[PDB]
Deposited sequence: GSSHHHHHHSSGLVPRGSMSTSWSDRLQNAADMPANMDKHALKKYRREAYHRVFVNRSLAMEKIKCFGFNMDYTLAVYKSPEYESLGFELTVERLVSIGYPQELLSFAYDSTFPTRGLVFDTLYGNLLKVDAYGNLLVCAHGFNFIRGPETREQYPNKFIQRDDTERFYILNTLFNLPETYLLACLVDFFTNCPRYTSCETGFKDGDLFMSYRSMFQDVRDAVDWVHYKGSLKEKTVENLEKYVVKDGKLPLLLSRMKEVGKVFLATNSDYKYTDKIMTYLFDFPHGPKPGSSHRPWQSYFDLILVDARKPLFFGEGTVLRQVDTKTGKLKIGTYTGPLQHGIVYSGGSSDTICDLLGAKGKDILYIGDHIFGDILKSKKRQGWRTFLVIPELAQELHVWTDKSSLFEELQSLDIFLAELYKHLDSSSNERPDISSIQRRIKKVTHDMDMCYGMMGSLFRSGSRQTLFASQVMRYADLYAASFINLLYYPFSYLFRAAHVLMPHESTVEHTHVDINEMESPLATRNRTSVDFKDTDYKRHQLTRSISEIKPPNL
């Protein structure tokens, strides 16, 4: 039961909009909206959506596997060894938000301070003493962005696993000699950094020039979660405000995906006429180039929606019915919809490119969709006893207790996968957790959980106090 199985199971249910039914549903953690900072929904005038992994949640592990396969086949086609074709995606290895160290070829799970929580070289998990050889303070400098790459999105799960597969392969293959910073193959030296760049290039190629989109669109039921409740929620938002779409994707792909997401024999509710996806939006913007979008952006263009090509020239005209925009900046949306940032709730999945940048650069209100939460909640509850033990041990710690804390931390972590919870390693929160708490005003397993709250709901978080104020 993957997180996307949980999501599709919930997707297959019709909405019971009886107000008592809604209150009862949102009791369940799965259907809840979690609150980092208070947000009065009556003050939101524009609801903004991202597409991929927000509206269009790709099914797991099928979509990751497909990405993995195509990225492997691209590497082989440019000259990587044929043994790469023996690799097979394993959803139990990667956790999102890991850092690849391009100097030493390690996947790292770190906290917000750059402290090491987990270190794996290939499939070899390095324990604390051994890690001190490469990380003498058990710490990385996060500002060293040329060395350390943060794998933020669900699109990065395939490369996360592939990176580990490659280090494992070259390490254990007798044709190569391992060195601290890469592999020697005769008179050829491949650094981890250049291997990393090849992988990153190959993922990019698969998305831009390869067959990922085509294979996705030819089997949408296999690859994409579909929910009859989507048009219902959007239709309700449009009753109280404006709705916009802002995607890094191109129009032709957006049209195919959004068409699919709205393909039911009805509109917002059963019995209602079907309406085109575009009718649900006051503004549609593709090729957004987030996060640059939230700074200078790019020139505003108009899509010719018949051909799917951009019209030539910068678009200088007003918001018109049926117009589809490309490029621009966050200021385009604000100006055309007449919103200030705090009037906007932007709903996305990319912690950096959607949430952190819209919050910090523009003061937008933010909702982070965390698809894995669906399953992480089930584990958090089913295994709460292990965490409770860990909490008690940590308290009792103010020895053999310390080795028990390590053992329990490991047993807890393993319940999530080889790289542990997205949110923590035992009692230490991850960088991803700290960025969620800091930048995501709201978060949930799915944006659809907003359907279960009334229009004027006040989401509340407790006021924060400093230690000297308590």
Q: Counting from 1 along the deposited sequence, give me every gap where there's no C-alpha, start to finish.
A: 1-20, 419-434, 507-554
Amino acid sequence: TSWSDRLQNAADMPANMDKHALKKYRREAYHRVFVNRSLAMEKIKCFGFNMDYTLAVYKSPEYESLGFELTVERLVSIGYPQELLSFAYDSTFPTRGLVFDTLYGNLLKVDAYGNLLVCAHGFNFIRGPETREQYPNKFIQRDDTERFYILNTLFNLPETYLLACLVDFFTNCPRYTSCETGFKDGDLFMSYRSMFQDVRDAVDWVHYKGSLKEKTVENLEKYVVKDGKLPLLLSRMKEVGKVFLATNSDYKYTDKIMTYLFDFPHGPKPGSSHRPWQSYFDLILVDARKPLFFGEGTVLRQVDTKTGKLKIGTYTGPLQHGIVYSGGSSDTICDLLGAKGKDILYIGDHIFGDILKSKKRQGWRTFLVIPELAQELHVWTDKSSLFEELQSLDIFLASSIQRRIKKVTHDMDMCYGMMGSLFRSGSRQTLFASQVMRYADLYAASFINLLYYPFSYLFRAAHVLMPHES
From here on, numbers count along this sequence of modelled residues.
Q: Tell me which of 224-232 and 351-359 has the higher mean C-alpha B-factor in the deposited entry.
A: 224-232
Q: Between 263-271 and 152-160, name whichever shows the higher mean Cα B factor according to the PDB entry.
A: 263-271
Q.
By the CA temperature factor listed in this entry, which of these ranks top: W380, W364, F196, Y104?
A. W380
Q. Which one, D287, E146, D90, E73, has the peak C-alpha temperature factor per the PDB entry?
A. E146
Q: Place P371 in the lowest, middle or highest third of its chain's C-alpha B-factors, as listed in the PDB entry.
A: middle
Q: Give the position of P61 by CA B-factor within its chain, expressed as the lowest, middle or highest third.
A: middle
Q. With respect to C-alpha B-factor, does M258 fall in the lowest, middle or highest third of the chain as deposited?
A. lowest
**Q.** Position of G313 among the chain's modelled residues by C-alpha B-factor, lowest, middle or highest third
**A.** middle
Q: Grab the CA temperature factor for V167 from the record and place it in the lowest, middle or highest third of its chain.
A: lowest
